[PDB]
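This document opens with one chain alone, in structure tokens, the form deposited in one PDB entry.
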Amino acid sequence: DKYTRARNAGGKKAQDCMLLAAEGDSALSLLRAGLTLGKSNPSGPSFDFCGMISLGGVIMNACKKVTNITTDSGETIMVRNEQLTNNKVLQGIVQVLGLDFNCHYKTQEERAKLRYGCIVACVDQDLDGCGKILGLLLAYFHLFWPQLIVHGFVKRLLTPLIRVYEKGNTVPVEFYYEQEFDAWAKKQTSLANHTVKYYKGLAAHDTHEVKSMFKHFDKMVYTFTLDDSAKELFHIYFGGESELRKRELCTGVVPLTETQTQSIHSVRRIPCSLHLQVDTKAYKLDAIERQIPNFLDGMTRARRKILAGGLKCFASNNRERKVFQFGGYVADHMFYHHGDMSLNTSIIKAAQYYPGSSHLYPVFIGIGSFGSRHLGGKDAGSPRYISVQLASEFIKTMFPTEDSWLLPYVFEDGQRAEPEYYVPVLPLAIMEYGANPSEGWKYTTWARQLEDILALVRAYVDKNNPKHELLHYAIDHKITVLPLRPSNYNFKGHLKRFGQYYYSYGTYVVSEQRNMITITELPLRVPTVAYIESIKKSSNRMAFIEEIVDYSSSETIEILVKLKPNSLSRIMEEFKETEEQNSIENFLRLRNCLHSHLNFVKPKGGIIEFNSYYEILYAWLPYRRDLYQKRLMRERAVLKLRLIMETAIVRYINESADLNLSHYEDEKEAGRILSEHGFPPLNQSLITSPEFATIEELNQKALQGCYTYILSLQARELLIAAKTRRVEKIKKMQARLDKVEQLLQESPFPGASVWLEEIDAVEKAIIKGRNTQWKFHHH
């Protein structure tokens, strides 16, 4: 309860006081600082007429918790959920404002009973603040007291996130959306004399800006208004039907026309339907993009940033670092503008490894406590006391280093960030476990057998496999010719397919001579403590058992169960036996069903729904093949340029004494003399280690050349051994060049043998990691 009352709140001047609701604590501090500006300006808000309160992060969604029931007289009353009534934030809001769940406030006399004139929401300009928190608050108010919105009881504090200043002019130009900002920027010829400022939340606007904004306080308050359509909109974005969200979120967001925003800014009334259509839709699309993995990479945006930052950090030396320090480094270098605790949790999850864990091939090696098979991995240590390091042996084979220069990249404010997506050697999307929800769709994936995947890919790329010709299709690409069965690496149970569903069964053994029943393997991905709690809550099963206990150490589980005398007969009697599941498995809940929700995010943004793992594999193959071809082409261009440069270098070295470079005056004279002598001008910085640059860029930049590759020659290279090593290197480049030229004309596509070798290397690395419990050089 962070309420800071107003002096006139609840008194005879209640109908002109204001209540400020802050998204978090930074907004609280900014509001307090602005309010405590008395005696410097008689005009402006102050604590005698304004309130102060905090919402505390995400607020609850009332539209799902409430349930509508009709009465005898046809009245429809909304019963509020037990959890809904016990929420502290909503209770505090309703107590401070003195709202009633029975009065409809249809008349001004009823509106006079509230303790404040109006409620003003102060939230950040980011997607989360404007779309989720404000949207949820609007949904709450619309659901319970729709009439309040009509009479302008709900207002918001609109603050820009972009400010462009021009030196010599004291007033800036403010943009509330990036679209209008960049449209204005591209409209102008040059902004080199200007300066742009972003505001990631209300943790900005230095005291000068705070004073300037609070001077014109009334110019920032915007009143929400209601229309007819908004009703059916509020049900779509916050109702209990996810099908409507699926249909709504399958398309993009249409921005507001100029007339609409002109009316909004001239009158300062915002229709809630427009707010839902723009801000909430944008937030939901961003949430989909953040919480659902890409079908090529298999990882979400946060995990991709983590991997890129880890590669950058541990490229120098693979030394352990604290999770907090590494997360801070990642947030600093990868431009992660969210809370650090979420990043640390994501790192910890990515580094975990145990039977049944989400990652079969984690990209990190964890030093410390990183969860266990029991407790579902939630028993991990704090990020301040555990360390992670790069599993370089597996990474350098799964994500080839030379292919990183060719992926499309994500640019923030003109700076490079983590790539848009990686293209692994083997399809990682269908090679690991995962399960989590998002807006509209849910994602769930059970890993496939490694041997089946290897056989399929080797058939596709081998050109010598007896099944290669039929894997390629001259009829259609829906037929299945090879099995893709669920993996059972760390699983001692069984997997059986019935109809269209795969079921996993744990294994047990029964010693009737003593009346003891012991289970030795639980089904796939079930925590032991959760399983024990589940088997204890069922009183029907609990009746037969005297006691159950465990002696599982850290990775192998066994439960021993002593049940009441002469209970087995009743066990078979009450619990039916079927070919899908026997009496004992039904009794002990040793059967699990593997449901798959193959919903991913396509490279160009958006969602995509698959029907089988074969579709994912067939979609992933062309990207990898094209990446191989592009890599080879750029490699050939680089070799040609490098050969030309090295031949010129050797030619200069041969006759360096004759030239007598010391005789000439300066750089330009020497360059002119060299050009007169026939030395070609190249781009040394673009050829010795080019860039993320592409091939046409390579040619264009190599067109304009300098003579720096001669002037930067150390005297040590002028000896004889250096020249001999240089010509040997030239021979090696020539051999590599004609080898890759031969590789280019290869069937079925260029670089098939390279793919085969990478497959073998990654298979060996995976085997080595499995042998040492995924702790390389630590066994």
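Throughout, rigid core stands for the largest set of C-alpha atoms superposing within 1.5 Å between the two forms. Position 1 is the first residue in the sequence shown; the rest follow in order.
Form deposited in another entry: not shown, discussed below.
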| item | value |
| --- | --- |
| Mobile residue between this form and the one not shown, C-alpha criterion 2 Å or more, rigid core, from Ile306, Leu148, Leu524, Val423 | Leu148 |
| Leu137 C-alpha shift between this form and the one not shown of 2 Å or more, rigid core reference | yes |
| Residue shift check between this form and the one not shown, rigid core fit, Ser43 Cα at least 2 Å | yes |
| Residue shift check between this form and the one not shown, rigid core fit, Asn87 Cα at least 2 Å | yes |
| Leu274 and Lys602, C-alpha gap in the other entry relative to this structure (3 Å or more) | closer |
| Inter-Cα distance between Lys602 and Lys281 in the other entry, nearer or further [3 Å or more] | closer |
